[PDB]
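Note sheet for the following structure.
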Amino acid sequence: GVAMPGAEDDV
Amino acid sequence: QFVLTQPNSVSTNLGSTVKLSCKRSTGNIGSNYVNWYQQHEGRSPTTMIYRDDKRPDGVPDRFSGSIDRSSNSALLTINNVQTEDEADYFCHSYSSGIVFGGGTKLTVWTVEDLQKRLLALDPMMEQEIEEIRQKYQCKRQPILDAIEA
Amino acid sequence: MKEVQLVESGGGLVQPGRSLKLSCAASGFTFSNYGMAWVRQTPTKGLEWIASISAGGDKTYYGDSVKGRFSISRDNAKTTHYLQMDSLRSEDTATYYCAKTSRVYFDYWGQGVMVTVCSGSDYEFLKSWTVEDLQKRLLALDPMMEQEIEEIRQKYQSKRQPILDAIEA
Ligand SMILES: [Ca+2]
Ligand SMILES: [Ca+2]
């Protein structure tokens, strides 16, 4: 899985 | 980078069920999460659906999202449509960049709620007038600068 | 139990080629636990994602429109993030929203701030004019602004009318 660009470090 | 295509305008009758579509142009609609935002006239967008089909608390049950892979599209379904639902609806997804659909414009009390609704029009009107003031300040300033010279 | 609130400041009017810095103050959550973003809107072109900056502030992303012209940053000890806008163009005219991320979507949005970029149009031709000629152009320009403002007032006055009579009785 991959997070939305720029949200990859959201908790 | 893919594109998300929504119909410009959709009309339905009150109490009916309306299916707003969001087609992805290249790659699979099911590859990345699809989210839906509602934006009322003069207001900020708010989340209606996140992670394809989850409702934030405070979003009523009659809103529901889904993914229709057969047409490579996402669907925002609204059951028993009310007049309060008339708004612009944007789907949203991503891959390497962030993509919004173009938006589908949907068309279809006690004294305190009415008063609140009336007074809310005043800041919206003022904001539109302020945009116009700024636009014409651009056209006016060269003249006034020319006059001082 | 805290209501999340994002508040943009800055913006307004600006010349092309020049610069503007937008601010967003964020409240109601642990600021450095979440990415922040900027999305802009116009009536015809819809929403366009402009820039994102990761939670720790070490990674930034930009939309095609603004690559190399806009720079996004954040001051965590201030719960604020910024959009520095350079080399502004007429087509950058838009309402700019700040937004918070929650992994896979934008969960909360700001109020939106209007940025108006003037045309870079040449106004050298004005120098052959007299003060009187220049004043006559002002007298022509203002009736057209007034017409635009009046059509807004009419648009909202039909919005007011049913609420106003529903209140009556
Ligand atoms: Ca003359
Ligand atoms: Ca009219």
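Note on naming: letters A, B, ... go to the chains in the order of the sequence lines (proteins, then strands), and numbering restarts at 1 for each one.
- Applying the disulfide bond (SG atoms under 2.5 Å apart) rule to pairs touching residues 13-85 of chain B yields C22(B)-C91(B), sequence neighbours excluded.
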Short donor-acceptor separations (under 3.5 Å), chain B to chain C:
from	atom 1	to	atom 2	distance (Å)
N35(B)	ND2	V104(C)	O	3.0
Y37(B)	OH	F106(C)	N	2.8
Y37(B)	OH	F106(C)	O	2.8
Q39(B)	OE1	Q41(C)	NE2	2.7
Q39(B)	NE2	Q41(C)	OE1	2.6
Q39(B)	NE2	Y97(C)	OH	3.2
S44(B)	OG	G110(C)	O	2.6
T47(B)	OG1	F106(C)	O	3.3
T47(B)	OG1	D107(C)	O	3.3
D122(B)	OD1	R160(C)	NH2	2.5
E128(B)	OE1	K155(C)	NZ	3.1
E128(B)	OE2	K155(C)	NZ	2.7
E128(B)	OE2	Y156(C)	OH	2.5
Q134(B)	OE1	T116(C)	OG1	2.8
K135(B)	NZ	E148(C)	OE1	2.8
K135(B)	NZ	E148(C)	OE2	3.3
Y136(B)	OH	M144(C)	O	3.4
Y136(B)	OH	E148(C)	OE2	2.6

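- The disulfide bond (SG atoms under 2.5 Å apart) analysis of residues 70-117 of chain C, with sequence neighbours excluded, yields the pairs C24(C)-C98(C).
- Here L141(C) is the residue among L141(C), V131(C), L126(C) with the most heavy-atom pairs under 4.5 Å with chain B.
- Between chain B and the residues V104(C), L164(C), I167(C), the largest count of heavy-atom pairs under 4.5 Å involves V104(C).
- A heavy-atom distance below 4.5 Å is not found between the side chains of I98(B) and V39(C).
- Of all residues spanning residues 65-81 of chain B, none has a heavy atom less than 4.5 Å away from chain C's heavy atoms.
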